[PDB]
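Summary of the model geometry
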Amino acid sequence: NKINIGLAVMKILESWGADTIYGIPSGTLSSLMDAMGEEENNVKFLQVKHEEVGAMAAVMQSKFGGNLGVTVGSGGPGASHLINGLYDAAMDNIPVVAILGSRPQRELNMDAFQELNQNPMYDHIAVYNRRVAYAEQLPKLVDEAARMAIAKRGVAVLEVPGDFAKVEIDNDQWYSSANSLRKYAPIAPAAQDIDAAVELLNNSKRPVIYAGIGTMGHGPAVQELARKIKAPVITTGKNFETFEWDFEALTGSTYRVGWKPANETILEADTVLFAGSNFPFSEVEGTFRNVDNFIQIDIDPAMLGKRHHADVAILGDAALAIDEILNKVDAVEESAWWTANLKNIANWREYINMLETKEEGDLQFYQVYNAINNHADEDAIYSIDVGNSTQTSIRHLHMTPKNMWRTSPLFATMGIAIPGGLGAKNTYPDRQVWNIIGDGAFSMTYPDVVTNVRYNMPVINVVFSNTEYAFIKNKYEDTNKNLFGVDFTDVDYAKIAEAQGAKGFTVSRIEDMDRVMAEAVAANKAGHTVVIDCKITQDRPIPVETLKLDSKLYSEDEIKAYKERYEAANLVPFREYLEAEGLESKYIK
Amino acid sequence: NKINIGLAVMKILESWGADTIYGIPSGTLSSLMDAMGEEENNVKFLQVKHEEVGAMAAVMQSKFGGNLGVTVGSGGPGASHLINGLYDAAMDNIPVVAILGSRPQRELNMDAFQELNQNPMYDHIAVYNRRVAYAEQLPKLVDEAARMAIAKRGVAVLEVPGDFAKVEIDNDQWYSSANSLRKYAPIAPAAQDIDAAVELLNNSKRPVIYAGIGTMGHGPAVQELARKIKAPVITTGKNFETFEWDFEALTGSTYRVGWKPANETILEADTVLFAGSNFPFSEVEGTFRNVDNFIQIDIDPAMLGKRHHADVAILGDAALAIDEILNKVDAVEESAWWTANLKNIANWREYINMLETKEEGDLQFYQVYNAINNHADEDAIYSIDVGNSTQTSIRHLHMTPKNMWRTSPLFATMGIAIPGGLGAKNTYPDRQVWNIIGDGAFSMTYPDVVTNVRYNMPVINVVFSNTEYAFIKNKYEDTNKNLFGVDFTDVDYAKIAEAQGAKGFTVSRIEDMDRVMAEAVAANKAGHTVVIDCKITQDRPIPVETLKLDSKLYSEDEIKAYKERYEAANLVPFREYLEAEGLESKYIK
Amino acid sequence: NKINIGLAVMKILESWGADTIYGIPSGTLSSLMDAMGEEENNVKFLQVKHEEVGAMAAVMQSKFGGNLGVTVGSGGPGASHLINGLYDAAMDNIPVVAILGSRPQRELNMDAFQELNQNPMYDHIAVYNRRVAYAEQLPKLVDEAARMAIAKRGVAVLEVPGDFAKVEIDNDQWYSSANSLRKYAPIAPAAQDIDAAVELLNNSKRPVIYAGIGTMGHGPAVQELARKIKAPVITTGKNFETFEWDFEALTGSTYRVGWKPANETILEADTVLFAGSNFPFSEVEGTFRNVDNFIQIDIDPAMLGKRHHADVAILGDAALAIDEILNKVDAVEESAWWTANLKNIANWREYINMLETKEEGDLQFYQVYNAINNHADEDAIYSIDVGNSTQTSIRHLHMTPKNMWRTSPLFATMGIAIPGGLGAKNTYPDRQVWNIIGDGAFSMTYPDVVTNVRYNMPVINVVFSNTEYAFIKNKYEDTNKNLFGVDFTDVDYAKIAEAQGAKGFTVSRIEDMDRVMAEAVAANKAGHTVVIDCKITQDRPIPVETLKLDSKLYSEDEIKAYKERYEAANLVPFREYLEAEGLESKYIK
Ligand SMILES: Cc1cc2nc3c(=O)[nH]c(=O)nc-3n(C[C@H](O)[C@H](O)[C@H](O)COP(=O)(O)OP(=O)(O)OC[C@H]3O[C@@H](n4cnc5c(N)ncnc54)[C@H](O)[C@@H]3O)c2cc1C
Ligand SMILES: Cc1cc2nc3c(=O)[nH]c(=O)nc-3n(C[C@H](O)[C@H](O)[C@H](O)COP(=O)(O)OP(=O)(O)OC[C@H]3O[C@@H](n4cnc5c(N)ncnc54)[C@H](O)[C@@H]3O)c2cc1C
Ligand SMILES: Cc1cc2nc3c(=O)[nH]c(=O)nc-3n(C[C@H](O)[C@H](O)[C@H](O)COP(=O)(O)OP(=O)(O)OC[C@H]3O[C@@H](n4cnc5c(N)ncnc54)[C@H](O)[C@@H]3O)c2cc1C
Ligand SMILES: Cc1ncc(C[n+]2csc(CCOP(=O)(O)OP(=O)(O)O)c2C)c(N)n1
Ligand SMILES: Cc1ncc(C[n+]2csc(CCOP(=O)(O)OP(=O)(O)O)c2C)c(N)n1
Ligand SMILES: Cc1ncc(C[n+]2csc(CCOP(=O)(O)OP(=O)(O)O)c2C)c(N)n1
Ligand SMILES: [Mg+2]
Ligand SMILES: [Mg+2]
Ligand SMILES: [Mg+2]
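Residues numbered from 1 in each chain as written, not as in the entry; some residues may be left out. Chains lettered and ligands numbered in written order. Part of a larger assembly, values for the part shown. Heavy atoms only, no water.

In terms of determination method and resolution, the entry is listed under X-ray crystallography at 1.80 Å.

Some remarks on the site of ligand 6
Ligand 6 sits among 27 residues. The nearest are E51(B), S389(C), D439(C), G440(C) and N466(C). Residues within reach of ligand 6 are spread across chains B and C. Here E51(B) contributes a side-chain N or O atom positioned 2.6 Å from a nitrogen atom of ligand 6. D439(C) places a polar side-chain atom, nitrogen or oxygen, 2.8 Å from an oxygen atom of ligand 6. A total of 600 Å² of accessible area belongs to ligand 6 in isolation, and the protein chains cover 97% of it. Where the shell around ligand 6 is concerned, the elements lending two or more residues are α4 (77-80) of chain B together with α13 (388-391) and α15 (439-445) of chain C. (Near = heavy atom within 4 Å. Polar contact = N/O pair within 3.5 Å; in protein donor to acceptor, adjacent residues only side chain to side chain. Areas by Shrake-Rupley, 256 points an atom, 1.4 Å probe, with all protein chains shown as cover. Helix = DSSP H or I, 4+ residues; strand = E, 2+ residues; numbered from the N terminus.)

Regarding the pattern of salt bridges
Taken as a whole and judged by the stated rule, the model has 103 salt bridges over all chains. The salt bridge involving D111(C) is made with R130(A); its shortest N-O contact spans 2.8 Å. One end of the pair, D111(C), is in the loop between β5 (96-102) and β6 (128-131); the other, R130(A), is in strand β6 (residues 128-131), on a second chain. What makes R130(A) buried here is its relative accessible area of 18%. Between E264(A) and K260(A) there is a salt bridge, with its nearest N and O atoms 2.7 Å apart. Here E264(A) and its partner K260(A) are both found in helix α9 (residues 260-266), four residues apart, which amounts to about one turn of the helix. Taking the relative accessible area as the measure of exposure, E264(A) reaches 9% and is therefore buried. Residues joined by salt bridges that share partners form a network here, namely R130(A), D143(A), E144(A), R147(A), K306(B) and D111(C). (Salt bridge = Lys/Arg side-chain N within 4 Å of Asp/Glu carboxyl O. Buried < 20%, exposed > 50% of the residue type's maximum accessible area, 1.4 Å probe, protein only.)

Here we look at the coordination of the magnesium ion (ligand 8)
All names here are of chain B. Distances from the magnesium ion (ligand 8) to its protein donors, namely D439 (OD) and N466 (OD1), fall within the range 2.2 Å. Within this pair, whereas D439 is found in helix α15 (residues 439-445), its partner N466 is found in the loop between β17 (460-465) and α17 (493-499), the two being separated by 27 residues in sequence. The same class applies to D439 and to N466, which are both buried. (Donors = N, O, S within 2.8 Å, 3.2 Å for Na, K, Ca; no water.)

Description of the sheet that holds β5(C)
Residues and elements named next belong to chain C. One open sheet accounts for six strands, arranged β3-β2-β4-β5-β7-β6; its pairing is parallel. Lying at the two open borders of the sheet, with one neighbouring strand each, are β3 (44-47) and β6. Within the sheet, the average angular offset between the axes of one strand and its neighbour, ignoring direction, is 20 degrees. Pairing geometry for β5 and strand β7 (residues 155-161), over seven bridges, is parallel. (Pairing = 2+ DSSP bridges. Axes fitted to C-alpha atoms, helices over the stretch in contact; angles between N-to-C directions.)

Observations concerning the site of ligand 3
Taken together, 28 residues sit near ligand 3, with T236(C), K238(C), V257(C), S277(C) and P409(C) positioned nearest. The environment around ligand 3 is built from residues contributed by chains B and C. Measuring from an oxygen atom of ligand 3, one finds a backbone N or O atom of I213(C) at 2.8 Å. One nitrogen or oxygen atom from the main chain of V257(C) is found 2.6 Å from an oxygen atom belonging to ligand 3. Burial of ligand 3 by the surrounding chains reaches 88%, relative to a free accessible area of 1000 Å².

Quick word on the interface of chain A and chain B
With 34 residues of chain A in contact, the opposing surface of chain B contributes 34 residues. Contact between chain A and chain B buries roughly 2800 Å² in total, counting both sides, with carbon and sulfur atoms accounting for 51%. Where chain A touches chain B, the interface holds six salt bridges. The interface formed by chain A and chain B holds 20 residue pairs in polar contact in total. Looking at the side of chain A that touches chain B, the elements with two or more residues in it are α6 (138-151) and β13 (312-315) of chain A. Counting residues per element, the side of chain A that touches chain B draws most heavily on α6(A), at five residues. Among the residues forming the side of chain A that touches chain B, the class breakdown is 13 nonpolar, nine polar and 12 charged. (Contact = heavy atoms within 4.5 Å. Buried area = accessible area lost by both parts, 1.4 Å probe. Nonpolar A, V, L, I, M, F, W, Y, C, P; charged D, E, K, R; others polar.)

Some details on the relation of the copies chain A and chain B
Between chain A and chain B, the superposition needs a rotation of 180 degrees and an axial shift of 0.0 Å, giving an RMSD of 0.0 Å. Such a turn and shift between the copies fits a two-fold axis. Minimal C-alpha separation from the rotation axis in chain A is found for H124(A), amounting to 3.4 Å. The residues that chain A uses at the interface reappear at the interface of chain B in 100% of cases, marking a shared surface. (Least-squares fit on C-alpha atoms.)

Remarks on the pairing of strand β7 (residues 155-161) of chain B
Residue and element names in this part refer to chain B. With seven of its seven residues buried, β7 lies for the most part within the structure. Taking every second residue as pointing to the same face, both faces of β7 are buried, with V155, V157, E159 and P161 on one and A156, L158 and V160 on the other. Relative to β7, strand β6 (residues 128-131) is paired through four bridges, and the arrangement is parallel. Across the sheet, residue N129 finds its bridge partner in β7, namely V157. Handedness of the β-α-β unit built from β6, helix α6 (residues 138-151) and β7 comes out right-handed. (Right-handed = clockwise from strand over helix to strand, strands pointing away.)

Quick notes on the sheet that holds strand β3 (residues 44-47) of chain B
All names here are of chain B. The six strands lie next to each other as β3-β2-β4-β5-β7-β6, forming an open sheet whose pairing is parallel. The outermost strands of the open sheet, each flanked by one partner alone, are β3 and β6. The sheet shows a mean angle of 20 degrees between the axes of neighbouring strands, taken without regard to direction. Helix-sheet contacts for helix α3 (residues 51-63) involve β2 (20-23), β4 (69-73) and β5 (96-102), and the interaxial angle to β4 is about 170 degrees. Each of β5, β6 and β7 is contacted by α6, which is oriented at about 165 degrees to β7, the strand it contacts most.

A few points about the interface of chain B and chain C
Across the boundary between the two partners, chain B contributes 77 residues, which contact 77 residues of chain C. Each partner contributes to the roughly 6500 Å² buried at the junction of chain B and chain C, and carbon and sulfur atoms together form 56% of this total. Counting the surface chain B buries against chain C, the share from its top three residues, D34(B), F113(B) and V284(B), is 9%. At the junction of chain B with chain C, the criterion picks out two salt bridges. Between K306(C) and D111(B) there is a salt bridge whose closest N-O contact spans 2.7 Å. Our enumeration of links across chain B and chain C arrives at 42 residue pairs in polar contact. Going through the elements one at a time, α2 (30-33), α3, α4, α5 (83-92), α15, α16 (449-454) and α17 of chain B are the ones with two or more residues in the side of chain B that touches chain C. Here the side of chain B that touches chain C is composed, by residue class, of 34 nonpolar, 21 polar and 22 charged.

A word on the coordination of the magnesium ion (ligand 7)
Summarising the metal site, the magnesium ion (ligand 7) is bound by the protein donors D439(A) (OD) and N466(A) (OD1), whose distances to it range over 2.2 Å. For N466(A), a relative accessible area of 6% gives the class buried.

Overview of the side chain of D143(B)
Mapped onto the elements of the fold, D143(B) is located in helix α6. Those residues in contact with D143(B) that sit more than four places away from it in its chain are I12(B), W16(B), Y175(B), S176(B), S177(B) and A178(B).

Side note on the relation of the copies chain B and chain C
With an axial shift of 0.0 Å and an RMSD of 0.0 Å, the rotation relating chain B to chain C amounts to 180 degrees. Same-surface contact between copies: 100% of interface residues of chain B are shared with the interface of chain C.

Structural notes on the packing of aromatic side chains
Residue and element names in this part refer to chain C. Inspection of the entire model under this criterion finds 63 aromatic pairs over all chains. Here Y210 and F288 contribute two aromatic rings whose centre-to-centre distance is 5.7 Å and whose plane-to-plane angle is 65 degrees, an arrangement assigned as edge-to-face. Of this pair, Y210 sits in strand β9 (residues 207-211) while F288 sits in the loop between β11 (271-275) and β12 (293-298), placing them 78 residues apart in sequence. Both residues of the pair, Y210 and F288, belong to the buried class. Judged by centre distance (6.0 Å) and plane angle (65 degrees), the rings of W337 and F574 are edge-to-face. Of the two residues, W337 sits in helix α11 (residues 336-356) while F574 sits in helix α20 (residues 574-580), which places them 237 residues apart along the sequence. With relative accessibility at 1%, the residue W337 sits in the buried group. Since its relative accessible area comes to 2%, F574 is described here as buried. (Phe/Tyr/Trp six-rings, centres within 6.5 Å; stacked < 30°, edge-to-face > 60°.)

A short note on the domain arrangement of chain A
Residue and element names in this part refer to chain A. You can read the domains of chain A as domain 1 (1-182), domain 2 (187-351), domain 3 (352-541) and domain 4 (542-589). The straight-line distance from the C-alpha centre of domain 3 to that of domain 4 is 31 Å. Taken together, the contact between domain 3 and domain 4 spans seven residues of the former and seven residues of the latter. Summed over both sides, the interface between domain 3 and domain 4 buries roughly 560 Å², with carbon and sulfur atoms accounting for 33% of that surface. By the criterion of area lost to domain 4, the three top residues of domain 3 are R395, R540 and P541, representing 61% of everything that side buries. Applying the counting rule to domain 3 against domain 4 returns two salt bridges. Residue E545 pairs with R540 through a salt bridge whose shortest N-O separation is 3.4 Å. Linking domain 3 to domain 4 there are four residue pairs in polar contact. (Domains from an automatic or database assignment.)

Next up, the structure:
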């Protein structure tokens, strides 16, 4: 009883649940692909236009809760095109199997055509990186690659000479260890550490909960704890979906891609409950410079006390920890700290709502997000690209745990949106998927819009056309001293979409946004991939990391100019709200 | 309130329990070392003669249950000398902090004297590998390096420009996260998996327990389980101390560095309980080629089903798993399989004992080990080097859990013995420490014998002088086809020892061994480091991976020659014992 | 017609002149070594005690003008032990072939015993780094490795699975490209650039010639040019042998390992003729801070204008360039600049000679060098280790082009002396070879003294025993602010030497030095390797990089203390000599 090595490989991938391979077919990968669909195998190939899109899609697939992704790249240039997707997965600790094709074994080291040592290529970021030495061990290595990708939460790479998959072996000369896959259940926290945390929280006059994705799946519990001890909630740029968008005590996120409330709260807080987070701006932006006590909860020992000295360290699942704390902590009836924060939050929501609900004028991204909120399904999935217009989505999207919002948050590679949409739609074929993209990022990946069309994976692409980079337009004055230089004409994305078999729309006026969005959604429900080219203004989101509103921190002229520029006449500095409740700023003046 | 960065670094190391730095002082490391012993700091420097010895000692320190080790290497050649120690730690998953000195910041990239990019040097094996960008962050990075070394169980590397440690900072500009150190407690296994294991064990006619270091600390329980279900025990080359050397059912280890019983048992077994092991020879030597069922217990998901398909996979602490299995499994009163094995083991012990107890003649390593057994403390520590004479120690040393036996088991670097002795003696100053070394390995490290002398860390070095490499003398016929070529004259190690301030002994006769060993131990108890130059024969340990004893596997001539060569006339093939109990070989004929 | 791959490999090495392989025999290298000496092959194996010594010897062999060296390291720890030797070769641009042994092909990627990916190990420093993919291509790759090592002037690395060399192939399936070896002849400089150089030299009032090893073989011409235009000569730490030690206008080298004259001259010069040098201290020590014009000659375009802006750049052989300049430049009859320099040099020689010729007292390295000068052959070879006592040899050894002086000048790895002696003696069996070593460096390599003994390669080891590191004792005050901490007892090296089959001597008094040196040389001429343990004082060489002698640069107290400490009462600051000739310092005051 013999079996083709390529088929054995497909059977192994199938056993691990990796039923989708992303890439472009070619010579150095043909032997493997030729076995797909054989003997009832269910592994399918999803062909992309650029390998980086395939790599990112394989990765985003897991981020969205899908199966283990597999991405391939032909010897040399195909393999190197995977880099942005693999680095993203490495930094986000996302499991993914990358198979690098290669010239046949006989050609290795001969300086043959497109023949090179690809082992160095991804050695720095991989959790597994090997060049298959002979055909007969390919199955064992693919099996281990999957096992390692999952166990080590990262990129497992295999360089495979193109002649190996054609070889035949005895069926008893291969096996899958997928049946032995086991994962650790939630780890219960140490009572000693939970008690120390409870004591600090009980004695704090200004507690604040800072929740990262470690709290995913436990938003209701966090909101319950927040209300019990009257502690406002701050979230991370990756964790907005965990909370009800309209939660009374949600202050948003800190720093640039955040809200005004969160940025003011963290500088006035006394005790922080850092739950399931590895906020990267912590040290360099002095996020916790005014905090007195720091309590951290995490399942990874490497993270304990990393972003700030921890007065209390809790090793364990955030869910279990939050529950234990919720049960032991004292209830707080009233709090000036809480009252002041709720008003500060309400003030901010009045501002955001007024921008979103404008009725006429030149289109701004604010109204595009408004239209999305008015037409999106309650369980819609959002694949967000990297840029100023897209990341500001967290100030507008009315999400809940029913949604999923993913991007490239740390490596922050542009072009992640479209790949994300493919991974999502592949995992949830009957679910509404949105790709929110800036024109710069769209320009790096729009050729792959045809991929959604060809594979009947309908998505809604929302493109923000604002000529010059909005975000980049904010780093030649706040850091530099000269002008700018980031111009771009204006290509017709809607026309390009039509040329690709997709449905294109173009909108540039607030009064036309709702209708255009309605037609776009209806078109998507008819099974079409759509591209909405939103010609927006040059307006930038109000800089919440530099709030020029407090008269004790900035001059009248500054405040006046700041308000006029961002239409923020009605925003009120947090200190006013603190003082209105009988409290005083702990750092201002 | 200011503080020297070097001192802050020492305070951090002290907080993590890393109170010993191994290396050689010099310019590119002086700024750091100059702060040692300041403001009551207790971090001490242990100066070696070769940096590789310092690196290996820092690593072996942890292997022996000591504190986190720190090793330093001066810019360029000092740092590169650490390689063998770091690779060993990487492959053994042992935490260790390596600090690479470097030319001052101003000289970087200038192609100055001894100035180079050292980031590539250890990037492949490190769990952390960074070049400090500016003086003020050195404390934070040393703190994280320790946190990462421990959490990731590996090598954390920092390249430190020599001018950084001289800089001063505010005391509030640094902190240690050592107080937040937390580790996961033993993980309880899934009842479902324990039950599946119990069912297989209950229905097995020939069960065998294969225990690796995952069972460290639970030998009594394993021995109890072995007796309850009448399953012989096989151990790994790293796990002998876990069992009482004279346990009735201990068959030893498989393959070359093993015993005859274990090698025959594994080929006749039906069900294997692979507990806490990652035996590297599994696949390439077909260790489990005749097994029917395979049950594996491990705390690392990456290992489940790695060395063989697992019919049952148990994720969890070996201790807890063994206890649960012991409690649920059915007791077995009698077993022909067990009886046959006990006799096979007894036959082997008769052979080994007869070699160890010879009374007169040219010295063989067998009698050296006999002398060690007759004079060593019950809690003696053994630091074993890499070679034929030293590794065969597991066939002779009468150990128990009261002992510790460590070597370089996977990377297998020669020269690990002396460094191991330093790490051990540093951790246990009042405990008997033995370094068992071959002359080849001794020749790579004997200059450091002076280190034990100078720091008053008395150890007993036992050197096997056999001219040509015993092990290497067995790879020019069993693999090659030509002669050999591994000669060495015979230097006077005892004389060298005296020249270094140590006490030297020379012995070449069996009838002189006991007295020499007695004087050596007495000398060590007087506070002296000793070197026993054992001039042994060219005799090689009987090859248990190729037992030429069964008349159905080898010819009369072969058996006759095999017996005469290894004085094994009385060894009896396991099949005879199986048949004597009414059983039949499952593979022979 | 078939041939063993191992033999084909040896035939190829032989054709490239690589007739000596350094290393230690073992399993993963046996297949290759088993073919040595077959079918009249003349490649021999030189067995060392530590692989780093083998690597360094293979490299030093070429530095001393020998054949292409080959060094081997067994899979894992053997290969990693080569690092210090390979990094040295990489930084010095010395050709060398390194063969890394490896577990058999079938074991690769199986996580077998001592099995690992060694491709990352030396990728950063190698000019060629490949893992042989299959047995049949081994010959082609060894051939290319030699071709690349030589053409790229660096380290060519091949990882070779241990089972490949055993395979047989058709004799017509391999060939050597050694017959096609071709090298570029000296490149003639552009007349345009030579003329620009001549013009500057002609118009300079204070010309100085700074000669690096690019001038090797052309010292007489440089000395002739120096005299013709009356330009003093400065040499590099690697180029002393190029000049007659007593040349009237030789000022020595600049910075720490240099002479007083050179250090003062460079700061007073106007035009520098930088010939064949890449002096690493140039920028970081501001060597040329006071120069007005800079003319550089080099055969490597990458070096032109590297160490300083070049007013004139000459691409070409230093010999040809010097000759063209010598022929076109104007002769200079007299020069105050020249006269002042000759007197400054003479003053320095009076100082050095008085220290070297002391008659009685505690031994200092000065008198050891004196004894060497009085007994060494005119064509003696000097292998110098890294340290304060050894590098200061350039202030004392009376060398000429008949000698060869080599060390590890840039990577600066300690332990280079003994390996250098092996490479030298292997290349010149009937030539006197000296290894000058500090006790610290000796302690990292003395086990290999037995290698010279066993292979009958008689060398004279001169060891400076000064307890604490002399050089290191000068970096805890001139850079740090605390005490020191670099103590070492005092082992009996002479006794160790005797134990190794060598002849040991011990000397600690000036009045005994000549006799001891005489007996040592006579013993070496009797075919014995000798070890002279020179117990010297703690005295440090006078710091020429910080001359506290000029009353306009330092205080009376400083000058007085400086003179008393270094017995330099009679040294006169260069400015006095300049002013005596009617000139003025261009920077002092
Ligand atoms: C252009 C751009 C701008 C951005 N701007 C901002 C900004 O202004 N503000 C902002 O906040 N973000 C911003 N981000 C996102 C930011 O870079 C980070 O990716 C994000 O804040 C990290 O969020 P996190 O801490 O929730 O999760 P991660 O960094 O993913 O860390 C999660 C932590 O939770 C732990 N964990 C996981 N599971 C559990 C469990 N069950 N129990 C306990 N612990 C668990 C993990 O071990 C880990 O330590 C931006 C991103 C981009 C691309
Ligand atoms: C020259 C030389 C020759 C050798 N020859 C032999 C030989 O012939 N035979 C031989 O057997 N060895 C030999 N060895 C040793 C061999 O190379 C391996 O290092 C050794 O067998 C590995 O043993 P192990 O499986 O116990 O542990 P490891 O390889 O260290 O693996 C231990 C396993 O236990 C798991 N674990 C850890 N803690 C727990 C826990 N609490 N609960 C559950 N699981 C846990 C780990 O995750 C891991 O999978 C030799 C070594 C040398 C240097
Ligand atoms: C501990 C220690 C201390 C030291 N201290 C000092 C010190 O104080 N002072 C000092 O001077 N040195 C010192 N050195 C040596 C120093 O580090 C350098 O290695 C040495 O100065 C480099 O000398 P170089 O310029 O002659 O040659 P290299 O750096 O080898 O460069 C030679 C140049 O010549 C060129 N070249 C080669 N062939 C030709 C040709 N035919 N024609 C033209 N150009 C050619 C090359 O391309 C190259 O640019 C020390 C070394 C050590 C280990
Ligand atoms: C692949 C990649 N290249 C470059 C960058 C740098 N970068 C970050 S934001 C940005 C501007 C992107 O502009 P666009 O997508 O048009 O978004 P906008 O800021 O205008 O909304 C750039 C170039 C990046 N993050 N990723
Ligand atoms: C650093 C290092 N170099 C080389 C090897 C290869 N090797 C393995 S065993 C061996 C022989 C060692 O001989 P010795 O220490 O004399 O022990 P013996 O086998 O004679 O008892 C060698 C060279 C190794 N394991 N480590
Ligand atoms: C392999 C290596 N390790 C460390 C250094 C750092 N280093 C440079 S000089 C020196 C002192 C060496 O002392 P020794 O050989 O005794 O010579 P001395 O200075 O006393 O004459 C050291 C440790 C180096 N150059 N190479
Ligand atoms: Mg844009
Ligand atoms: Mg030996
Ligand atoms: Mg010294």
